[PDB]
Amino acid sequence: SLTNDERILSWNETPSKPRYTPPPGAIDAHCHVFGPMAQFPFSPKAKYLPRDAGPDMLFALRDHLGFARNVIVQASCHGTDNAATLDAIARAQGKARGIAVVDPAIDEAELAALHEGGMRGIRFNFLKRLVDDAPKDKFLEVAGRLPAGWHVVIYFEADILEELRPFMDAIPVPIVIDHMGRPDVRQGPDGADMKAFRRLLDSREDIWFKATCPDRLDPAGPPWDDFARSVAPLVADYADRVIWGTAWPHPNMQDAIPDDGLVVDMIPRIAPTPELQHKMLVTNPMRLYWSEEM
Ligand SMILES: O=C(O)/C=C(\C=C(/O)C(=O)O)C(=O)O
């Protein structure tokens, strides 16, 4: 254990109110909880030790920004121990669903227990700066024995997309891509990375993506105009396959801490019409995470 003070703050403690008002039932489909470490320790394999960011803080943020629901995504700092994430879902009293990280050896019963606890998929992280090992064969095997209706969430960088194509084509359930596979948004909406990512989207009908993280992808900083110009055409072209999230509490972003109000204000830039906003924030995430309500 490290004290909270000793650990890394990566979020804005007093974020601006967004100028944009999200519609009723809006889902922040990419967020995390960290600890609280006193009850839920970090993984021995964690590559960062963040400050506590618990459910009460997450819900306060959710309310402040005007969102109705969250998808709480197991963070790499907690490894395959989903306890913190599971506790947050429990505390959300129905307003949250989850994504887990699992030992590929996890048994049928343990997966069932994760489903009851509100998980609707598992995450595969191909960023070496976050996770050392990524056994594709084992990943494929676990993906083939998930509870009915689960998907897989995949996080990778643009420079390994081509290498990952055979793996992704073999995944036997739907796929959600974190942060569009980190394209270089400086290139424009028809740049090399976006062309490659579109080839991936065009290969299977059931690949969804998060149109997220201008803070991570656009080194100019706010208003992140390159992200806006490069991402908006992608949203428009794949309107039925796009979801969105804040990425709060922004692990690893301590050197460029984003204002969540500004993060939310990207929404009407990449989704300029009411219909696009409703698809990205309500209809699409509902089909993935609350299909029983659709
Ligand atoms: O969580 C994200 O969306 C982004 C990052 C962190 C993780 O993926 C994680 O630790 O689980 C990152 O890019 O550092």
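All positions are counted from 1 along the displayed chain.
Method on record in the header is X-ray crystallography, 1.8 Å.
The backbone N, Cα and C atoms fix where each Cβ goes, and this holds for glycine too.
With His30, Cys31, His32, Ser76, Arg123, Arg129, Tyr155, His179, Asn252 listed by Swiss-Prot as binding substrate, the candidate from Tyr48, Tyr289 annotated for that site turns out to be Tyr48. There are 26 other Cβ atoms within 10 Å of the Cβ belonging to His32 (substrate binding site). The binding-site residues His30, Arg129, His179 differ in how many other CB atoms lie within 10 Å of their CB, and the one with the most is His30. Proximity of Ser76 (substrate binding site) to non-local residues of its own chain (separation of 6 or more, Cβ distance below 8 Å) is seen for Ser43, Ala46, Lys47, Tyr48, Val101, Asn125, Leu130, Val131, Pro251, given in sequence order.
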